Enquirer: 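The structure's right below; bear with me while I get my questions together.
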Amino acid sequence: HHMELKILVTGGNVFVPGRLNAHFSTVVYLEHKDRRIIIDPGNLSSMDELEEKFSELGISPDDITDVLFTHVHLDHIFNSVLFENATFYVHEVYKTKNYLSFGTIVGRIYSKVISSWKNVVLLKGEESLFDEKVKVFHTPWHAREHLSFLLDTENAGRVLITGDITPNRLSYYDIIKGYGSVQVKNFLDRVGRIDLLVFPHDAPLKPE
Amino acid sequence: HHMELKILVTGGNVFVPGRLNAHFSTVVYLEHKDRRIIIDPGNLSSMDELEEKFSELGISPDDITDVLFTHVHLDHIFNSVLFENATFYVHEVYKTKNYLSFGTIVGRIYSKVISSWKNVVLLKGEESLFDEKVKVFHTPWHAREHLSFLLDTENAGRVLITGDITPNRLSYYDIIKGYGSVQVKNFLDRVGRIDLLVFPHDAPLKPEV
Amino acid sequence: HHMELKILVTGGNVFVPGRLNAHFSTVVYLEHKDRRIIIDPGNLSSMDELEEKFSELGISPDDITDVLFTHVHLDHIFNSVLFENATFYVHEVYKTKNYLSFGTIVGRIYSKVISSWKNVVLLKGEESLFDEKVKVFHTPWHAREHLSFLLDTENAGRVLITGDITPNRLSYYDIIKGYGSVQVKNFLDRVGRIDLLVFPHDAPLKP
Amino acid sequence: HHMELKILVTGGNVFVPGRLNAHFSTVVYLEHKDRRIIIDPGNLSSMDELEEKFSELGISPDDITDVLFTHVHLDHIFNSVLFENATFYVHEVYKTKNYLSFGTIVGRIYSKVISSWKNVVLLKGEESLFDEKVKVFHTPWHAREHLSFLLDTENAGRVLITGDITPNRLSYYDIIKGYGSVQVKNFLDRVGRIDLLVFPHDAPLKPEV
Ligand code: NI
Ligand code: NI
Ligand code: NI
Ligand code: NI
Ligand code: NI
Ligand code: NI
Ligand code: NI
Ligand code: NI
């Protein structure tokens with residue numbers, strides 16, 4: 001039973017201080033057996049791209065069975081409100097944050113999104129999920145609850161969903177050049193040879 | 001009892017076909033007597049600006065008493081989900097649209113936003129609200145439920161919230177130059193002399209003499 | 001001799017009053033005989049998409065022979081600076097505008113772009129260009145120099161490059177619904193049956 | 001003779017892979033004696049904001065005497081084409097990069113911008129400029145030519161223009177939390193107590209005690 005990967009959205013940034021916040025994460029779709037899995041469902045601003053991709057795939061949001069989060073930042077999780085039948089997976093320490101302290105307005109939005117998750121599995125890191133096709137790593141070098149996911153796929157080989165420990169190619173290159181996070185560098189060394197790096201705010205890359 | 005206007009957000013556009021939709025409306029705040037009124041609460045992408053402005057004003061979303069919509073487009077209405085204590089005002093023909101036919105995904109979002117409105121006043125056009133400080137016009141030259149609002153303010157004089165019949169200054173200039181919508185031009189002629197045009201996707205403008 | 005169309009970039013809008021102006025036009029590429037033609041070269045913010053498309057096509061900006069402008073707005077014309085070997089086509093009345101009056105900063109950028117056009121063909125409207133494959137219409141319902149182009153293509157049929165008289169699909173729908181520009185509506189009636197509408201700030205549409 | 005700081009633009013990001021690149025840096029303006037100084041003139045997309053700030057200041061691009069670059073990335077340097085009378089300052093090792101190899105189109109744009117700089121001062125790091133009001137640091141943890149600038153200002157105290165070694169507040173917080181660049185962290189330790197951090201793609205921040 002093979003796991004197939006599709007990148008529904010490659011993420012990016014839209015940010016003007018005090019005026020515009022439309023960051024949007026990469027959205028990863030996986031099919032394995034009877035599971036239809038999303039990692040980082042993304043932000044509202046990706047709605048038209050997702051509409052198009054769901055239509056190509058012949059599926060509805062109602063068919064998504066499992067949704068995993070690298071972390072609890074709105075630009076990665078907002079679209080979670082679409083998936084009423086999914087089980088949601090997230091690192092347990094997210095429960096130690098007071099999201100209502102994020103600002104009157106912003107906190108209310110986090111709270112409404114988070115409250116919509118009716119079935120939640122809390123992770124610790126090191127789990128291997130979906131018949132060992134998905135390995136979970138606790139990678140708290142961005143947010144305390146941050147996770148990265150290593151995927152054993154048929155069509156794309158061994159794929160690392162980095163999350164925001166490496167938001168884009170430049171951040172990855174900074175690690176290679178030796179002046180980035182020592183923790184992230186050590187983590188990448190631990191993971192070892194992979195076929196594809198899937199960043200949250202850039203197009204993916206085959207490591208050199 | 002004077003009505004005071006503050007423009008919390010001047011709107012704009014962020015659109016890349018097939019990739020990015022982050023249009024965001026102008027957000028207008030009005031204080032009159034014990035009412036705290038918003039016209040077009042805007043889009044999620046304005047959340048940091050709104051945070052700042054609410055903080056300057058010393059208010060919370062819970063203090064908003066009334067929210068009016070030019071029309072039912074997400075970039076104007078999304079933030080309506082923040083105002084749990086407000087009465088919502090919208091043109092009655094919005095009920096004749098099937099929002100779930102807007103796309104599986106996009107329809108679901110519209111439906112969830114619209115369902116959050118627990119107290120709704122249905123407008124027809126021509127209403128004079130808030131002790132005659134707000135005049136409602138049915139201006140369906142964009143969407144069937146579209147409304148424009150004329151405000152009698154103390155601090156900004158006579159202010160027309162156009163909505164999307166004139167999204168920005170260039171669209172207004174096209175009317176003035178004679179090659180824009182005949183219906184919108186007629187409407188502006190009807191309204192007559194005003195002090196300020198507040199567009200949904202641009203900075204406001206003092207009109208030509 | 002057939003004319004082939006490729007849409008290199010579908011345009012859009014990025015605009016925050018007082019803070020951000022990154023509007024970018026649709027960029028149309030046409031090959032006909034030995035001509036490599038661009039209509040509305042676009043804005044700086046399309047640079048990565050253009051790099052990718054030029055690389056797919058196996059061409060350089062040096063190989064572009066002809067560049068036509070719907071009108072002289074920066075989000076349509078900026079990338080003209082890349083095409084040093086091209087002949088530029090533009091409506092003659094652009095010369096009657098004082099671009100340095102656009103603002104000290106913005107005027108300077110217009111002036112620098114416009115000064116880079118070394119070979120210019122001035123159009124009036126109604127011209128048929130490239131062995132009658134491109135018909136030029138003067139459509140001054142946005143800017144006095146504004147042009148629209150009707151293209152007789154092999155791969156996409158009859159294609160109207162609207163320019164900013166209809167920036168996107170919504171503006172076209174407003175005309176269909178009867179409350180948009182009467183002049184644009186009459187223009188579209190005059191053009192008649194076409195296979196594709198190519199807007200400057202949206203994906204194209206089969207009418 | 002005091003040096004006055006004005007932040008003309010706070011920078012940001014606009015990036016959609018394969019479709020849109022409109023990153024734009026913070027733009028810093030300094031007045032000292034007869035000098036009108038820009039650090040990182042920014043990107044084309046800031047043109048309306050710059051227009052408005054230049055108008056407020058009562059100056060033209062022709063009045064800018066000095067322009068310094070944190071580094072040679074288009075979103076920081078593009079607007080350099082506006083300043084015909086300026087001396088440009090940049091780390092010498094930029095000359096070792098082949099900008100034509102950045103891609104046919106992108107390389108062309110870099111080359112045209114860089115060619116417009118008629119008077120250039122090549123920096124090495126550790127220079128003290130403008131009567132010692134500006135200290136230059138070689139901070140190559142982003143690009144080989146990358147510089148940061150420490151400013152002694154009258155109106156904002158001691159200000160660090162970080163450049164892209166810390167693009168925004170989150171990158172700075174990562175350093176404070178202990179999992180960011182060791183080199184950047186050691187650099188901030190070396191700089192010591194300052195009043196303001198000016199990031200290239202975010203609003204500035206008063207540092208942590
Ligand atoms: Ni994050
Ligand atoms: Ni992120
Ligand atoms: Ni609308
Ligand atoms: Ni709108
Ligand atoms: Ni235009
Ligand atoms: Ni345009
Ligand atoms: Ni950089
Ligand atoms: Ni930068």
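Order of appearance sets the numbers: ligands from 1, and atoms from 1 within every ligand. Note: hydrogens, waters and symmetry copies are ignored here, and every other heavy atom, side chains too, is used. Chain A is the first sequence line, chain B the second, and so forth, proteins listed ahead of strands; every chain is numbered from 1.
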Enquirer: So does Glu126(A) pair up with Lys135(A), basic N to acidic O under 4.0 Å?
Expert: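 Salt bridge: yes.
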
Enquirer: How far does NE2 of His142(A) sit from OG of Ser171(D), to the nearest 0.5 angstrom?
Expert: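 That separation rounds to 11.5 Å.
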
Enquirer: Under 2.8 Å from the Ni ion (ligand 8), is there an N/O/S atom belonging to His71(D)?
Expert: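 No, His71(D) does not qualify, because none of its backbone or side-chain N, O or S atoms lies under 2.8 Å.
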
Enquirer: Just wondering, is there an N, O or S atom on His73(A) that's nearer than 2.8 Å to the Ni ion (ligand 1)?
Expert: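 Checking the Ni ion (ligand 1) against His73(A), an N, O or S atom does fall under 2.8 Å.
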
Enquirer: What is the name of the N/O/S atom of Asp164(A) that is nearest to the Ni ion (ligand 1)?
Expert: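 Nearest N/O/S atom: OD2.
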
Enquirer: Looking only at the side chains, is there a donor atom on one of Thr70(D) and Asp40(D) sitting less than 3.5 Å from an acceptor on the other?
Expert: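 Distance-only check passes for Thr70(D) and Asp40(D).
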
Enquirer: Counting backbone and side chain alike, does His201(D) bring an N/O/S atom below 2.8 Å of the Ni ion (ligand 8)?
Expert: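 Within the cut-off used here (under 2.8 Å), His201(D) does place an N, O or S atom near the Ni ion (ligand 8).
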
Enquirer: Return yes if some donor-acceptor pair links the side-chain N/O of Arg190(A) with the main-chain N/O of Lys185(A) below 3.5 Å, else return no.
Expert: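 Pair absent, no side-chain N/O of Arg190(A) close to backbone of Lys185(A).
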
Enquirer: Please determine if the Ni ion (ligand 2) has an N/O/S atom from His76(A) lying under 2.8 Å away.
Expert: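 Checking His76(A): at least one N, O or S atom is under 2.8 Å.
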
Enquirer: When the aromatic ring centroids of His76(D) and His201(D) are compared, is their separation below 6.0 Å?
Expert: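 So the answer is yes for these two rings.
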
Enquirer: How about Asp75(A): does one of its N, O or S atoms come closer than 2.8 Å to the Ni ion (ligand 1)?
Expert: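 So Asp75(A) does not count as coordinating the Ni ion (ligand 1).
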
